[PDB]
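Engineer: below is the sequence, then the experimental coordinates.
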Amino acid sequence: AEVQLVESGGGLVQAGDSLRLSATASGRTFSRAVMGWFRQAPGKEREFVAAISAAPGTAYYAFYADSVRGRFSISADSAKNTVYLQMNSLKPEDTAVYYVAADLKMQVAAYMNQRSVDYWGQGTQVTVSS
């Protein structure tokens, strides 16, 4: 089925700042999907950043790549049909286009392979000047 995921929040920013990305779907969406964020710079491999999935009640499971642990946080709001990535202590090496992703086979937040991702958004440029 067609799903149109849309990222928002990208910007030009300074080393040591914060930026918050969000993503939602236009029309058809998911319930109980493992959602994630990936990133890539021209010529680079697309790299996994963070994953999130629904737990009991209002809780979620999260999982972070080592490159962002201690700095980025992934959250979600099911009412608002939106997934978030709060980026803190941004470094020039965080410069990339950031993509929201959904993998429909996975059952719980974990490391995500770009190769297994079922749905991608269009991407939002994040640029960190030193």
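Structural biologist: Done, it's in. Residues are numbered from 1 along each chain as shown.
Engineer: how far away is the spatially most central residue of the chain from residue 1?
Structural biologist: The centroid of the chain falls nearest to residue 37 when counting by CA atoms, centre = their mean (2.2 Å). As for residue 37, its distance to residue 1 is 22 Å (criterion: CB to CB, to the nearest Å). C-beta coordinates here come from the backbone N, C-alpha and C atoms, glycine included.
Engineer: my read is that the residue nearest to the centre of the chain contacts residue 62, right?
Structural biologist: No - if you go by CB atoms under 8 Å, residue 37 and residue 62 don't touch, sitting 11.1 Å apart.
Engineer: overlap in contacts of the two?
Structural biologist: Taking CB atoms under 8 Å, 6 or more residues apart in numbering as the contact rule, residue 37 and residue 62 both touch 50-51, 74.
Engineer: among these, which one has the most neighbours?
Structural biologist: Ranked by the number of neighbours (other CB atoms under 10 Å), the shared contacts of residue 37 and residue 62 place residue 50 first, at 26 neighbours.
Engineer: mind checking the SS state of that residue?
Structural biologist: Counting by DSSP: H, G, I helix; E, B strand; the rest coil, the backbone at residue 50 sits in strand.
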